[PDB]
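Reviewing the structure listed below.
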Ligand SMILES: C=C1/C(=C\C=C2/CCC[C@]3(C)[C@@H]([C@H](C)CCCC(C)(C)O)CC[C@@H]23)C[C@@H](O)C[C@@H]1O
């Protein structure tokens with residue numbers, strides 16, 4: 001999952 | 001055989017970015033889950049890697065040109081190389097006298113047996129230590145150390161990258177700065193630059209071996225629950 005990787009604003 | 005003003009500015013901004021994202025006091029390590037010596041070291045080393053991924057992200061956004069890319073390309077490059085940047089940046093704590101990573105007191109000193117207690121085998125750890133020794137023996141300047149990390153992160157040949165020509169141009173811009181730095185700071189130059197590039201080839205196979213062992217660990221619930229959300233996002237297989 002890329003929920004956290006969305007702190008790339 | 002001389003660095004332009006913008007080549008020097010790239011060097012200045014990269015070393016400053018590293019100084020801001022690498023804390024030599026390791027004082028944040030006490031907030032990790034405690035080291036313990038069935039995978040008694042996995043909680044602490046997972047927190048260490050998860051914390052280091054944050055630092056790598058911070059370093060990446062201060063690389064000139066990186067934030068100008070798409071968010072998708074930024075994530076694709078970060079996911080593909082995060083483990084390599086961590087192995088690269090970990091050489092600063094690696095010591096040849098003890099063959100270990102020393103981040104302060106003996107509690108935060110990591111030998112190869114500690115990592116065996118995180119679910120990894122010698123097929124990864126022994127090449128990793130050999131990579132650390134060979135990297136240590138090159139005695140890189142910190143300017144060469146941070147340029148290599150930036151070059152590793154901006155590799156166009158990563159899966160999921162869309163704007164390839166834009167990433168390759170920024171990487172070549174950094175390789176040109178690194179080549180000029182070596183030529184000026186060192187006798188000769190072509191030999192050292194060649195081995196630094198070879199170290200990036202070594203990191204590719206180290207990544208490959210770690211991804212296999214991580215996939216085995218992450219599919220066992222008793223171990224996967226000891227990881228962190230950021231680790232599962234970054235090292236996972238999702239899109
Ligand atoms: C983090 C960093 C440091 C050491 C890196 C190490 C030491 C212990 C074992 C490590 C973490 C390797 C492990 C095989 C990685 C496996 C993690 C996992 C269990 C999720 O598969 C990779 C790098 C090795 C400390 C400091 O230099 C900051 C740096 O930033």
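Count begins at 1; order follows the chain as displayed.
For all residues, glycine too, the Cβ spot is worked out from N, Cα and C.
Taken verbatim from Swiss-Prot:
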type	residues	note
BINDING	B:22, B:52, B:89, B:93, B:120, B:210	calcitriol binding site
REGION	B:61-79	region 'Interaction with coactivator LXXLL motif'
MOTIF	B:229-237	motif '9aaTAD'
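A break of 60 residues separates residue B:37 from residue B:38 in the model, with a C-alpha distance of 10 angstrom spanning it. In this structure, B:52, B:93 are the binding-site residues from B:22, B:52, B:93 whose C-beta falls under 6 Å of some atom of ligand 1.
Counting only residues at least six positions away in the same chain, the Cβ atoms of B:83, B:120, B:124 sit under 8 Å from the Cβ of residue B:210 (calcitriol binding site).
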